[PDB]
Amino acid sequence: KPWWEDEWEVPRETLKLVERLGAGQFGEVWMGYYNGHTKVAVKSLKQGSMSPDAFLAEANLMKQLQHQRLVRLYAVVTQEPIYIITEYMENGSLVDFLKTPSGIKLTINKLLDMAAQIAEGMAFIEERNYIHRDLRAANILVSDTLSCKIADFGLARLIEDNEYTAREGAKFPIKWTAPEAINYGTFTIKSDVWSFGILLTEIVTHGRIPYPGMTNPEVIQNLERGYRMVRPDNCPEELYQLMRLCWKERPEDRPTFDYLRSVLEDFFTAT
Ligand SMILES: c1ccc(-c2oc3nccc(NCCN4CCNCC4)c3c2-c2ccccc2)cc1
């Protein structure tokens with residue numbers, strides 16, 4: 001809809017940017033307030049750093065993916081500098097949170113709880129015929145109540161047919177991406193499942209980089225041999241085997257996110 005008819009467009013005057021949470025090549029993300037009292041996250045686009053349409057495309061997709069387990073779109077300011085305002089998560093990125101004094105003290109029980117919460121969010125994405133493609137601990141946000149939500153939908157895509165094919169030149173984080181995606185540029189929800197497996201290792205190691213001591217070439221070589229990531233230190237064996245399911249050779253053999261959610265919830269209610 002046109003901005004003068006769009007429910008999400010808001011006057012820039014309604015926003016007060018208070019603290020910067022991140023600065024980058026394409027813009028910044030600040031902590032701020034909407035209409036004085038409501039805490040929000042404000043992603044601002046650096047003019048000329050990238051297409052405004054590309055930037056706003058994520059907001060448009062977020063309009064279609066509303067759920068308690070996904071960071072919620074709040075509003076947009078479509079006049080430069082362009083803003084996308086969303087729900088604020090008091091404890092930042094999961095990869096960062098797990099390294100703080102609080103994160104470090106979390107029990108395996110709570111880590112599994114968080115894992116299930118993430119799988120729950122992905123299960124929604126799965127059912128709505130969407131894919132995320134950038135599933136990793138850095139893209140999971142944590143609330144003041146230690147609940148987790150899926151973030152960054154820049155690479156997310158509505159899957160009209162079973163799979164999405166990227167651009168031959170497109171590059172992705174080798175360690176978190178499924179083989180078929182790395183080799184063919186083909187992404188499916190099953191590609192996200194593989195990524196979830198890697199994310200689980202990030203959780204249990206409190207933010208450690210996957211495949212410790214290995215370069216990307218080494219990871220690919222080993223994977224092709226049928227090897228998978230070595231059991232992380234102090235990783236419960238049941239969780240490790242759940243990870244293995246996510247890393248099955250055939251995408252179709254990997255479990256659904258609803259299955260993963262169900263199992264992780266059992267793991268949690270057991271501990
Ligand atoms: C300390 C520090 C940050 C936050 C924090 O609160 C947030 N609320 C909503 C969306 C957010 N971010 C949306 C965009 N992120 C998604 C994850 N990748 C980086 C960009 C953040 C972030 C944030 C911003 C940049 C990088 C990482 C987290 C709270 C406390």
Side-chain angles (χ1 to χ4, degrees), residues 8 10 14-35 37-46 49-50 52 54-63 65-77 81-104 106 114-115 117-118 121-122 124-125 130-157 172-173 175-177 192 195-196 198-200 202-203 206-210:
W8 284 280
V10 300
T14 63
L15 305 165
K16 177 189 177 181
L17 283 53
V18 177
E19 190 189 304
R20 189 173 44 174
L21 315 171
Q25 179 177 172
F26 309 115
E28 299 171 338
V29 180
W30 290 67
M31 175 284 277
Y33 290 94
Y34 172 75
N35 276 186
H37 306 294
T38 307
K39 213 158 184 176
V40 293
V42 180
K43 184 179 205 245
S44 61
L45 169 62
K46 179 176 184 176
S49 72
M50 71 172 277
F55 184 75
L56 288 172
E58 171 181 33
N60 291 331
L61 178 151
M62 290 177 71
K63 296 177 186 177
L65 280 177
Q66 298 177 52
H67 188 285
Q68 291 288 145
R69 300 269 60 72
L70 278 57
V71 169
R72 184 69 55 75
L73 174 66
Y74 267 22
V76 299
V77 175
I82 306 177
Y83 292 163
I84 295 187
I85 303 84
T86 73
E87 168 177 35
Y88 180 65
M89 302 297 288
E90 195 56 287
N91 286 307
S93 176
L94 182 58
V95 76
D96 289 332
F97 177 71
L98 294 174
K99 296 174 186 175
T100 64
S102 292
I104 295 181
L106 301 182
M114 296 182 123
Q117 289 187 37
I118 298 171
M122 290 307 304
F124 172 69
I125 289 180
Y130 282 79
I131 58 179
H132 192 281
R133 298 202 298 163
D134 206 359
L135 182 53
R136 55 188 300 171
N139 291 328
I140 298 303
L141 291 179
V142 185
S143 74
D144 68 305
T145 54
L146 275 46
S147 57
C148 298
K149 301 194 184 197
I150 310 296
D152 207 313
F153 298 94
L155 294 178
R157 301 287 184 272
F172 296 78
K175 289 183 176 192
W176 279 267
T177 309
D192 285 339
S195 302
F196 184 66
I198 304 299
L199 189 164
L200 288 180
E202 286 182 283
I203 292 180
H206 288 268
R208 191 181 195 187
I209 294 178

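When a residue number appears, it is its place in the shown sequence, counting from 1. Atoms within each ligand, like the ligands themselves, are counted from 1 in listed order. Atom set for the values below is all heavy atoms of this structure, side chains included, hydrogens, waters and symmetry mates excluded.
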The protein heavy atom nearest to atom 27 (C) of ligand 1 is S93 CB, 4.4 Å
shortest atom 5 (C) of ligand 1-to-protein heavy-atom contact is with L21 CD1, 3.4 Å
Nearest non-hydrogen protein atom to atom 20 (C) of ligand 1, with distance, is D152 OD2, 4.3 Å
With heavy atoms and a 4.0 Å threshold, my read on which part of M31 contacts ligand 1 is neither
For this session: State if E87 counts as touching ligand 1 under the rule of any non-hydrogen atom under 4.0 Å.
Result: yes
the protein heavy atom lying closest to atom 14 (C) of ligand 1 turns out to be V29 CG2, 4.6 Å
Interatomic distance, CG@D134 vs CH2@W176, rounded to 0.5 Å, equals 10.0 Å
Checking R20, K46, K43 against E28 for side chain to side chain donor-acceptor pair (under 3.5 Å), the one that qualifies is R20
re atom 18 (N) of ligand 1, the protein heavy-atom contact at minimum distance is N139 OD1, 3.1 Å
Near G92 (heavy-atom distance under 4.0 Å), the atoms of ligand 1 are 4 (C), 29 (C), 30 (C)
Between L15 and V40 the two heavy atoms that sit nearest each other are CD2-CG2, 4.3 Å
Quick look: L141 vs ligand 1, heavy-atom contacts under 4.0 Å, and the answer is side chain
min-distance protein heavy atom vs atom 6 (O) of ligand 1 -> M89 O, 3.2 Å
(Q) Run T145 and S143 through side-chain hydrogen bond (donor to acceptor under 3.5 Å, both in side chains) and show every step you take. (A) CA-CA 5 Å; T145 54; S143 74; 2.9 Å; yes
Per-atom filter on ligand 1: closer than 4.0 angstrom to a heavy atom of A41 are 8 (N), 9 (C), 10 (C)
Under 4.0 Å from one or more heavy atoms of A138, ligand 1 contributes atoms 17 (C), 18 (N)
